[PDB]
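First up is the structure itself, then whatever we jot down about it.
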């Protein structure tokens, strides 16, 4: 019905799915913030987002994280 951030939901860490939901709600957020909206540090927040990157789900969202 909306969102569309399914990605590997059947197997997605709470940090990645919530991070994808935050990227869709905010396609202009880096990682530091991307680290606090999910309740984690950014160093790893990226580690979480990177996992979402390898699956081709962060080429526009926080793709900048690279």
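Positions of Cβ are backbone-derived with ideal geometry, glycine not excepted, and every protein chain shown enters the neighbour counts. Values in this text are rule-based calculations from the coordinates and carry no lab data.
To the nearest ten degrees, helix 42-54 and the longest principal axis of the Cα atoms of the chain are 30 degrees apart. Taking every alpha-carbon pair under 8 Å whose residues sit at least 6 apart, the chain reaches a relative contact order of 34 percent. Considering helices alone, the calculated mean residue ellipticity of the chain at 222 nm is -13500 deg cm²/dmol, with DSSP H runs of length four and up weighted by -39500 (n - 2.57) and normalised per residue.
When the Cα atoms of the chain are enclosed in a convex hull and the volume is divided per residue, what value in Å³ results? Please report the intermediate quantities before stating the final value.
Numbers: hull volume 5.0 nm³, N = 66.
Expressed per residue, the convex hull around the Cα atoms of the chain is 76 Å³.
Could you pull out which residues in region 1-30 have an amide N less than 18 Å from a spot 7 Å beyond the Cα of residue 43, following the Cα-Cβ vector? Answer for this model: none.
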